[PDB]
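What follows is a short report on a single structure.
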Amino acid sequence: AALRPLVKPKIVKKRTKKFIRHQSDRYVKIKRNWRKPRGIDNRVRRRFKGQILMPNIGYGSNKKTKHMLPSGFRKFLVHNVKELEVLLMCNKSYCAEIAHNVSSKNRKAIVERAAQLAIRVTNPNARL
Amino acid sequence: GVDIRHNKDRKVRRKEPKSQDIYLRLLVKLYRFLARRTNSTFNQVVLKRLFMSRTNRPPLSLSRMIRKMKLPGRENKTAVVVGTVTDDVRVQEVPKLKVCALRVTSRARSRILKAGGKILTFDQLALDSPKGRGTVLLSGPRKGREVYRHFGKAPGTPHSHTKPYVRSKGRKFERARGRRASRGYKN
Amino acid sequence: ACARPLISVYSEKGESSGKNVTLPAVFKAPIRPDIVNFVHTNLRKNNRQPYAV
Amino acid sequence: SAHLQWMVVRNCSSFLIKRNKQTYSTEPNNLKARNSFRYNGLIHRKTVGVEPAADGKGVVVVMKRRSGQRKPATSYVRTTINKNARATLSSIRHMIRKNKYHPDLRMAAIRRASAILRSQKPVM
Amino acid sequence: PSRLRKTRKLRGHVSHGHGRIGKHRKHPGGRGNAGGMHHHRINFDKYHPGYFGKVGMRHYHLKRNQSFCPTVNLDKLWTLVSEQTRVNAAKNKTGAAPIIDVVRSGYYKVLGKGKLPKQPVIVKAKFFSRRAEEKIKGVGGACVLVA
Amino acid sequence: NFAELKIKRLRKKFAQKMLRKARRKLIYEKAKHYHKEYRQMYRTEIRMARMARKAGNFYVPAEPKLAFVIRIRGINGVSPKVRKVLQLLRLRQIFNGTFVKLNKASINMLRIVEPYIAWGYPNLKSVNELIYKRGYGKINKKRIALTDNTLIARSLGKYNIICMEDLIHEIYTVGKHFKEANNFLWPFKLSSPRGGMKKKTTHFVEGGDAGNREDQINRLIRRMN
Amino acid sequence: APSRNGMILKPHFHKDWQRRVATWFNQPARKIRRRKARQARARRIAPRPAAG
RNA sequence: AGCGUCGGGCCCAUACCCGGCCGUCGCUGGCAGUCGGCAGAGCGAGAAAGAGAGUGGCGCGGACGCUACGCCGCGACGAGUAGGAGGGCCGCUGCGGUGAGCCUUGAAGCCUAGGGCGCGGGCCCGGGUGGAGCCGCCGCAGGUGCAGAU
RNA sequence: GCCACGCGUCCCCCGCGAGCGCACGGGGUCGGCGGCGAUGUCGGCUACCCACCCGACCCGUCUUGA
RNA sequence: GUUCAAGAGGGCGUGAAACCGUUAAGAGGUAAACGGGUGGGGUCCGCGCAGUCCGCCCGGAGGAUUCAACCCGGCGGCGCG
Ligand SMILES: [Mg+2]
Ligand SMILES: [Mg+2]
Ligand SMILES: [Mg+2]
Ligand SMILES: [Mg+2]
Ligand SMILES: [Mg+2]
Ligand SMILES: [Mg+2]
Ligand SMILES: [Mg+2]
Ligand SMILES: [Mg+2]
Ligand SMILES: [Mg+2]
Ligand SMILES: [Mg+2]
Ligand SMILES: [Mg+2]
Ligand SMILES: [Mg+2]
Ligand SMILES: [Mg+2]
Ligand SMILES: [Mg+2]
Ligand SMILES: [Mg+2]
Ligand SMILES: [Mg+2]
Ligand SMILES: [Mg+2]
Ligand SMILES: [Mg+2]
Ligand SMILES: [Mg+2]
Ligand SMILES: [Mg+2]
Ligand SMILES: [Mg+2]
Ligand SMILES: [Mg+2]
Ligand SMILES: [Mg+2]
């Protein structure tokens, strides 16, 4: 019985491939992280055919499915037990996701309480 | 494709006030409500003025308010200001009034109350006259600032009674070559 | 506001004494954080020693 | 007053908790827990709160008496209801409706009660 | 608050908002108030007419204290005294006006600007203009001088 | 009580029902009368001919009141004396259309832009197709679709213009209230021409499309719509 | 290089001024050393008038 | 499969049409009416205005909603160097409050053909390494973001 | 062939009947179905490699022009 | 063999990239390198591999010292008392 969401719509995504920076392939000092080139003679700036794409706002996603995971839930970053009772009433749409530095012994309680509340957890088998 | 300029499509007039103070925003909420849910344009004007800057809501002198109520036909009729009501020393006699304003100084308050007047706030006004009937609208002088003398057609230019910016007046600080007919010329 | 209530005094050991004292008027004064905030952020800067190369 | 201290709080409270493009609130008598003038607990004269009992088992409904608002000790009134589900919702519905007492919060409080009862009931 | 300043947004853009044909060079036009006569002649003649030229008589050891002479209009002469003095005067059926020493308050001259209300006054001042004096007489009272 | 009020509220709805019916029957009778009108208009122009030829003379028919203009070329690099005219006729996009009542004043401007347009004398069916299929009014500065007569009555009730049909009547019979009837209509967004164009650049007489092609505009509309 | 409009003015920052700056972080301590010397004097000349 | 005169048919551009989606602008549009055994659930409709006072002739019931610096509805538009402005839950280092915050049952940093989010700046989870300190939210201040400079 | 149908009164001449279904009607629904599967098979955009088709001159800068 | 640990062995904490070795994998005549669009194979993950529950209704089968109405006691809400 996986936790169903209230609605499981079509998550269309207009583009999946990442926006790499011009010339990240050649050099190492050049990172993948995007940076808009503001040169005079550049090609990419001026949309030559068969060249690296530039990010417009047009790619923006439908409002209904922004930050939406495939299951249908949203994340919420948790550090401790007190923060679950918040979600207990917004139970079916959202899900807790536990923080990295939190230990194992407390994780145990976090999952035990959340399992009582029926709240779905993304990382319940995280250490052992 | 279409040949329209998109130069002046955005309008700059104010929508909401830059100030974070709570009381002004609560006025706003109220008069937004009455603005949309009534017909009266009065409320729209009052709204516009509530957003405007210090210069744009200037202080109204008492002398000006008094004689503006002395005008005939507007007897027993509430005066409405957005700026501050300051006192005037150069006015001895004070007929009894019914004022509304955001701030009034203590002196003007005493002058009115000993005469037997009345100072309303806006929440009291909304209850008294929601559409605002029996109301004389007023404003102070926007051009009253000293700065407007500095504006306009430049000095040293035929017909331009315009204050130049100067560190200090005196005999020998911008009196000579362009002003005397003797020395060079004048305009 | 115009209305001034009556406050009961408590003994140091917790019980309420007989005496009841009137509220001073400042407590009904206007709240204005923009000012509080502004003032705090200017007065606190004065308690500051110089640093320089 | 209320609206005044709402405009004060809405942004600068310690209880408020923003993250992941979400915004919540952890006050005791909020239900739905969302930062909002309607559901804020502390502000109003007539305020509801549905908690589980002090002991693990049970549910206490809490109401605010309107007399002493500057005296916290005497303000709130707790009252546990250890019965079956259906009669719980009938008694709660009657407590709120027939007294004209904050009928805005009617359905929310119901839903929370059912979920609490759910919890103290054994897990699947 | 540098975080609010413009330079933060300008990081990235090459010439940092000074243009790239005519760059932000050191002193492109020359220094200070230079070329006032020659190649900045205009700014001076369009916005500071008078800069150049001599005029008047040289007065050497000037002492401002000798010519101290602050004026006060009648517009606000009554301002100096409390209100019951004005009130009790209409009460006086005898018609004895009260004496206002202006010098005591740090004003010397009495100019004749405003309109004066109908009740006599004795004004002990140091100088008087012609229009202020005649305004009083029509109202009533005299102009007692003092050095 | 909620007794007398219920019965009163029923009478109010019943009145407004009978009113709407009556407006419907009125609409019907205007339309049938116009059918009779058009039939008469068409026959007489022949009858004049037959009888003229019988006598041996020639019947010259009247000059055409109305012309249907179309902008055929684009937005790039166009003389400013043109641009002014074009934007006075509301031809901002390509393959846009407009109606234009005729007179010396209008025709001299269409002469001044001959190379950019294609105009002529449109037929009744072409007026139906255009209005009905692609009618969109300018209501409160907004391009809203002509789907109910209410949208017309609100605006043009003062000229006794309550429906698509009256509108048609004014257009074909260039009546009094043309200005208002046309300025109400948003410039017609026609599509690219099915079948193709012969040659955009040149005049019709030298084998092109520009300029006055009196009747063949209908053929062109059927290919573009 | 003057653009359109300003007070024509002659600032005096041509001399080596950044050398001779007197900073006044002394002040509070100076106030105290005065105050202390004044109280100690009055304590010395006990009954004579303090001011002089 | 050349030259001149012509027919039908047919081919595709980020242009034109119909539809889907993002953002902005305009309508200084709409919404405090969640008025419940003090109840009766409407005020989009071609036509200046009132579901107006009066006076004579059993069963106890009814979803969502509104951080109004919010939510919602309507149309129209979107190339951009030098240059200007706005928003940045973009990011760095430190200070006052605040989270009965985390941590030797292993922090920071670092590595990763793992799973994911965001138009993007960047960020979050799993795994490995490591052995003592760290971060979130509201405000303040700055020596605060690198590919080039022989 | 007609969006023509109380009685009385007016002109020219002889303001409440209820009831039931259909649909080219203010933006798609089925109250219709079928196959595969627990040790080699299903899904797995991105991110790992390789292949093919088309597109494709190395960046920064001054410059009317790279 | 000490130490929890030499995965801290005297320029010895953590120990990145540039650069090299080896191993594993895949490929190879138009220098390499790239965008879009697909396919194939690897890689690990899904703790997949006979698949949704929730109210309400109808029906058949268990069980608990249980429902309503009144009385007593306390409390809150409201009062055109
Ligand atoms: Mg170049
Ligand atoms: Mg465009
Ligand atoms: Mg730029
Ligand atoms: Mg440069
Ligand atoms: Mg410079
Ligand atoms: Mg220059
Ligand atoms: Mg074809
Ligand atoms: Mg300037
Ligand atoms: Mg001393
Ligand atoms: Mg295309
Ligand atoms: Mg479209
Ligand atoms: Mg542009
Ligand atoms: Mg742009
Ligand atoms: Mg280690
Ligand atoms: Mg260590
Ligand atoms: Mg570097
Ligand atoms: Mg160069
Ligand atoms: Mg160039
Ligand atoms: Mg050259
Ligand atoms: Mg070394
Ligand atoms: Mg080492
Ligand atoms: Mg790397
Ligand atoms: Mg090998």
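Convention: chains lettered A, B, ... in structure tokens order; per-chain residue numbering from 1; ligands numbered from 1 as shown.
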What does the list of residues within 12 Å of ligand 14 look like if you count only C-alpha atoms (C1' of nucleotides) and all ligand atoms, written as a PDB file with N, CA, C and O atoms (P, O5', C5', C4', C3', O3' and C1' of nucleotides), in the first residue's frame?
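In the end it all went to pocket-v9.pdb:
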ATOM      1  P     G H 106      26.589   7.352  14.372  1.00  0.00           P
ATOM      2  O5'   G H 106      27.402   8.624  14.865  1.00  0.00           O
ATOM      3  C5'   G H 106      26.896   9.936  14.678  1.00  0.00           C
ATOM      4  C4'   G H 106      27.982  10.952  14.479  1.00  0.00           C
ATOM      5  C3'   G H 106      28.541  11.019  13.073  1.00  0.00           C
ATOM      6  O3'   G H 106      28.960  12.341  12.726  1.00  0.00           O
ATOM      7  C1'   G H 106      30.242  10.383  14.524  1.00  0.00           C
ATOM      8  P     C H 110      33.922  20.829   0.104  1.00  0.00           P
ATOM      9  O5'   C H 110      34.662  19.483  -0.270  1.00  0.00           O
ATOM     10  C5'   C H 110      36.061  19.440  -0.388  1.00  0.00           C
ATOM     11  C4'   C H 110      36.561  18.023  -0.387  1.00  0.00           C
ATOM     12  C3'   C H 110      35.908  17.165  -1.439  1.00  0.00           C
ATOM     13  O3'   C H 110      36.450  17.374  -2.728  1.00  0.00           O
ATOM     14  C1'   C H 110      35.927  15.989   0.583  1.00  0.00           C
ATOM     15  P     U H 129      33.888   3.964   4.862  1.00  0.00           P
ATOM     16  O5'   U H 129      34.795   5.274   4.841  1.00  0.00           O
ATOM     17  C5'   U H 129      36.010   5.281   4.116  1.00  0.00           C
ATOM     18  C4'   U H 129      36.609   6.659   3.950  1.00  0.00           C
ATOM     19  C3'   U H 129      36.932   7.408   5.222  1.00  0.00           C
ATOM     20  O3'   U H 129      38.177   6.972   5.747  1.00  0.00           O
ATOM     21  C1'   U H 129      35.937   8.857   3.637  1.00  0.00           C
ATOM     22  P     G H 130      38.437   6.827   7.326  1.00  0.00           P
ATOM     23  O5'   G H 130      38.264   8.293   7.889  1.00  0.00           O
ATOM     24  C5'   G H 130      39.288   9.227   7.684  1.00  0.00           C
ATOM     25  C4'   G H 130      38.798  10.612   7.985  1.00  0.00           C
ATOM     26  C3'   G H 130      38.444  10.946   9.418  1.00  0.00           C
ATOM     27  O3'   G H 130      39.583  11.441  10.129  1.00  0.00           O
ATOM     28  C1'   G H 130      36.711  11.638   7.953  1.00  0.00           C
ATOM     29  P     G H 131      40.312  10.690  11.357  1.00  0.00           P
ATOM     30  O5'   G H 131      40.013  11.602  12.637  1.00  0.00           O
ATOM     31  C5'   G H 131      40.152  13.023  12.590  1.00  0.00           C
ATOM     32  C4'   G H 131      38.926  13.738  13.125  1.00  0.00           C
ATOM     33  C3'   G H 131      38.820  13.811  14.643  1.00  0.00           C
ATOM     34  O3'   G H 131      38.146  14.994  15.085  1.00  0.00           O
ATOM     35  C1'   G H 131      37.021  12.567  13.818  1.00  0.00           C
TER      36        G H 131
ATOM     37  P     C J   4      43.443   1.140  22.857  1.00  0.00           P
ATOM     38  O5'   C J   4      42.765   0.728  21.486  1.00  0.00           O
ATOM     39  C5'   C J   4      41.421   0.290  21.434  1.00  0.00           C
ATOM     40  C4'   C J   4      40.834   0.502  20.072  1.00  0.00           C
ATOM     41  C3'   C J   4      41.823   0.783  18.971  1.00  0.00           C
ATOM     42  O3'   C J   4      42.655  -0.332  18.677  1.00  0.00           O
ATOM     43  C1'   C J   4      39.957   2.150  18.694  1.00  0.00           C
ATOM     44  P     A J   5      42.716  -1.007  17.218  1.00  0.00           P
ATOM     45  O5'   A J   5      42.737   0.211  16.209  1.00  0.00           O
ATOM     46  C5'   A J   5      42.173   0.061  14.924  1.00  0.00           C
ATOM     47  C4'   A J   5      42.462   1.264  14.062  1.00  0.00           C
ATOM     48  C3'   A J   5      43.916   1.493  13.720  1.00  0.00           C
ATOM     49  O3'   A J   5      44.286   0.737  12.576  1.00  0.00           O
ATOM     50  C1'   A J   5      42.886   3.523  14.400  1.00  0.00           C
ATOM     51  P     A J   6      45.609  -0.175  12.502  1.00  0.00           P
ATOM     52  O5'   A J   6      46.735   0.779  11.920  1.00  0.00           O
ATOM     53  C5'   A J   6      46.491   1.510  10.736  1.00  0.00           C
ATOM     54  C4'   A J   6      47.595   2.485  10.417  1.00  0.00           C
ATOM     55  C3'   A J   6      48.807   1.898   9.711  1.00  0.00           C
ATOM     56  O3'   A J   6      48.907   2.233   8.320  1.00  0.00           O
ATOM     57  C1'   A J   6      49.402   3.392  11.530  1.00  0.00           C
ATOM     58  P     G J   7      48.061   1.403   7.227  1.00  0.00           P
ATOM     59  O5'   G J   7      46.759   2.282   7.004  1.00  0.00           O
ATOM     60  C5'   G J   7      46.918   3.553   6.383  1.00  0.00           C
ATOM     61  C4'   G J   7      45.630   4.320   6.215  1.00  0.00           C
ATOM     62  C3'   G J   7      44.966   4.820   7.501  1.00  0.00           C
ATOM     63  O3'   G J   7      44.792   6.225   7.525  1.00  0.00           O
ATOM     64  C1'   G J   7      43.383   3.707   6.090  1.00  0.00           C
ATOM     65  P     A J   8      44.858   6.939   8.957  1.00  0.00           P
ATOM     66  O5'   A J   8      46.356   6.709   9.448  1.00  0.00           O
ATOM     67  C5'   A J   8      47.499   7.003   8.639  1.00  0.00           C
ATOM     68  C4'   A J   8      48.298   8.110   9.262  1.00  0.00           C
ATOM     69  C3'   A J   8      49.709   7.792   9.740  1.00  0.00           C
ATOM     70  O3'   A J   8      50.695   7.895   8.738  1.00  0.00           O
ATOM     71  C1'   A J   8      48.515   8.900  11.434  1.00  0.00           C
ATOM     72  P     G J  13      50.392  14.786   8.204  1.00  0.00           P
ATOM     73  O5'   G J  13      49.632  14.807   9.587  1.00  0.00           O
ATOM     74  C5'   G J  13      48.974  13.623   9.972  1.00  0.00           C
ATOM     75  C4'   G J  13      47.528  13.769  10.347  1.00  0.00           C
ATOM     76  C3'   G J  13      46.522  13.741   9.231  1.00  0.00           C
ATOM     77  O3'   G J  13      46.228  12.424   8.802  1.00  0.00           O
ATOM     78  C1'   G J  13      45.978  15.458  10.773  1.00  0.00           C
ATOM     79  P     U J  14      46.023  12.084   7.243  1.00  0.00           P
ATOM     80  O5'   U J  14      44.701  12.876   6.868  1.00  0.00           O
ATOM     81  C5'   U J  14      43.476  12.457   7.431  1.00  0.00           C
ATOM     82  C4'   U J  14      42.346  13.412   7.157  1.00  0.00           C
ATOM     83  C3'   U J  14      42.044  13.707   5.711  1.00  0.00           C
ATOM     84  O3'   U J  14      41.116  12.781   5.179  1.00  0.00           O
ATOM     85  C1'   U J  14      42.203  15.730   6.968  1.00  0.00           C
ATOM     86  P     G J  15      41.465  11.808   3.947  1.00  0.00           P
ATOM     87  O5'   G J  15      42.254  12.640   2.854  1.00  0.00           O
ATOM     88  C5'   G J  15      41.665  13.719   2.163  1.00  0.00           C
ATOM     89  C4'   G J  15      42.712  14.506   1.418  1.00  0.00           C
ATOM     90  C3'   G J  15      43.442  13.702   0.344  1.00  0.00           C
ATOM     91  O3'   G J  15      43.489  14.423  -0.886  1.00  0.00           O
ATOM     92  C1'   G J  15      44.982  14.783   1.705  1.00  0.00           C
TER      93        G J  15
END
_Within 9 Å of ligand 8 (counting only C-alpha atoms (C1' of nucleotides) and all ligand atoms), which residues show up? I'd like them as a ChimeraX atom specification._
/G:2-6
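Each residue with an atom within 12 Å of any atom of ligand 5 appears in the list, which was built counting only C-alpha atoms (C1' of nucleotides) and all ligand atoms: residues 17, 18, 19, 22, 23, 24, 25, 26, 27, 28, 29, 30 and 31 of chain E; 1 and 2 of chain G.
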### Task
Give the strand (DSSP E) residues of chain A, as assigned by DSSP on the backbone, as an NGL selection string.
:A and (74-78 or 94-98)
Interface, chain I side, toward chain E (12 Å; only C-alpha atoms (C1' of nucleotides)) as a PDB file with C-alpha atoms (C1' of nucleotides), in the first residue's frame:
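New file part_2.pdb:
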ATOM      1  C1'   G I  60      38.068  37.685 -24.855  1.00  0.00           C
ATOM      2  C1'   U I  61      38.749  42.588 -27.152  1.00  0.00           C
ATOM      3  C1'   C I  62      39.309  47.450 -30.108  1.00  0.00           C
ATOM      4  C1'   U I  63      36.538  47.984 -34.639  1.00  0.00           C
TER       5        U I  63
END
Within-12 Å residues of ligand 11, basis only C-alpha atoms (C1' of nucleotides) and all ligand atoms, as an NGL selection string: (:F and (189)) or (:H and (16-21 or 76-77))
Selection from above, C-alpha atoms (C1' of nucleotides), as a PDB file, in the first residue's frame, can you write it?
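result32.pdb written:
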ATOM      1  CA  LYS F 189      -7.686  38.153 -38.752  1.00  0.00           C
TER       2      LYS F 189
ATOM      3  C1'   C H  16       0.025  33.779 -41.136  1.00  0.00           C
ATOM      4  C1'   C H  17      -4.379  30.728 -38.802  1.00  0.00           C
ATOM      5  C1'   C H  18      -6.724  27.254 -34.653  1.00  0.00           C
ATOM      6  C1'   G H  19      -5.442  24.978 -29.900  1.00  0.00           C
ATOM      7  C1'   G H  20      -2.229  23.909 -25.325  1.00  0.00           C
ATOM      8  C1'   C H  21       1.521  26.240 -21.556  1.00  0.00           C
ATOM      9  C1'   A H  76      -3.665  42.113 -25.669  1.00  0.00           C
ATOM     10  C1'   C H  77       1.936  41.626 -26.245  1.00  0.00           C
TER      11        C H  77
END
